[PDB]
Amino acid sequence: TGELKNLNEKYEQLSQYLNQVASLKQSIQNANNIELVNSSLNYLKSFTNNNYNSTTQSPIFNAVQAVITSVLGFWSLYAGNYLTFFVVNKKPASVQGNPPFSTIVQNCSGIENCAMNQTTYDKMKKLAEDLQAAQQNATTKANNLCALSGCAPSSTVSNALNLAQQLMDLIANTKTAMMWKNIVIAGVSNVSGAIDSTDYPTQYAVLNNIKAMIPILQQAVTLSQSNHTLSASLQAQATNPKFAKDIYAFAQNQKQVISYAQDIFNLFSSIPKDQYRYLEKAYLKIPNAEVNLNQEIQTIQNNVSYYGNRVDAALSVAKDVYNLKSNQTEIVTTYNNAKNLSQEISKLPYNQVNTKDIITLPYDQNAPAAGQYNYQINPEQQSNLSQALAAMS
């Protein structure tokens, strides 16, 4: 029964053409569904505007907040109000927070160097002070980062990100190790899972991950800006190959903005738990004598699903619009293939299933009855065909 095998794969192929046609109809309908298309577009524009102009409701703004917070947090751990290294005037420097030299004896035994030039430290400190000011007005305690649209709050986010970039490169490049034992945080540095090691900052994942966040957000900030321009050349249709291309590009771009936010969330999520406990309470570091990173991360996660699931939906409609012309060609080819294949099947004496006119294009005297592409698949005959495929198992 070379008979049966031939039939079984012809059957499986017709069945596939029919599934294809059904799926193409839906795509074609969506693209011609003006209200759905406008809606998807308006969603994306809306999302672009919020992302670009808001300081509460922008996913990229909120991702920046969290990253800056986390940069200042690491700074506070590393240096802050009680240095985890020893600074020296090229002996011991007059700067605030410098620990006693016994620190070095006790915690920096072995081959690694825990000293730093005052030169190098003062630049670090300067950058950190700037980035602090850029995040917040010291007396008002109110936000000082501007919406991504600019400062029409006195700091651009690009500025803050550039500060952060400089500060972390400097920390990573400087061959001074940090003594984690110098960090004192009640309920953290004195319990199981406290961290008391001494190594270069680049050996701690928390540093590397925070560092990797910055270039990501710099890309996201640029992408976010150009999207606001693209958004101006697209309006809701009352009814263009130019539109089809643009909306699809526009939609993908919105997806990438969201994806960048998710990339940040992922870099927070993979910080080792023990290190994250210090970071999240860096503001409680005690010196030799309110920050809420968790809420800011939560806000990123929520933004990603809240906005991002909608941008996926719109993207999927924009894809249907982009593929309209091509989907029209493909549905026609596929119908014709299905029609010819059903005829070849009909002419087989051993053929058991009735397939005549299994797919058709309804017509009313001088025109298609309900659209050029609205093929009707007979459901009895399709059911039959499927049942025969399943029997052939």
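Residue numbers here begin at 1 and follow the sequence given.
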- Task: Mind giving me a quick count class for deposited residues absent from the model between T140 and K141? Options are none, 1 to 3, 4 to 9, 10 or more.
- Result: none
- Deposited-sequence gap flanked by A152 and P153: 4 to 9
- Between the two ranges 224-232 and 67-75, the one averaging a larger CA B factor in the entry: 224-232
- Which is higher in the entry, the mean Cα B factor of 377-385 or that of 12-20? 377-385
- Message: If I read the C-alpha B-factors straight from the PDB entry, which of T84, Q219, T176, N240 is highest?
- Response: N240
- Query: Can you tell me which of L44, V353, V37, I28 has the highest Cα temperature factor in the record?
  - Reply: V353
- Query: Based on the entry's values, in what third of the chain does the Cα temperature factor of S342 lie: lowest, middle or highest?
  - Reply: highest
- Binned into thirds over the chain's modelled residues, the C-alpha B-factor of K273 lands in the middle
- Query: Going by the entry, which third of its chain does the Cα temperature factor of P362 land in?
  - Reply: middle
- Lowest, middle or highest third: where is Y200 by C-alpha B factor in its chain? middle
- Would you mind ranking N50 by its C-alpha B-factor against the rest of the chain and naming the third, lowest, middle or highest? middle
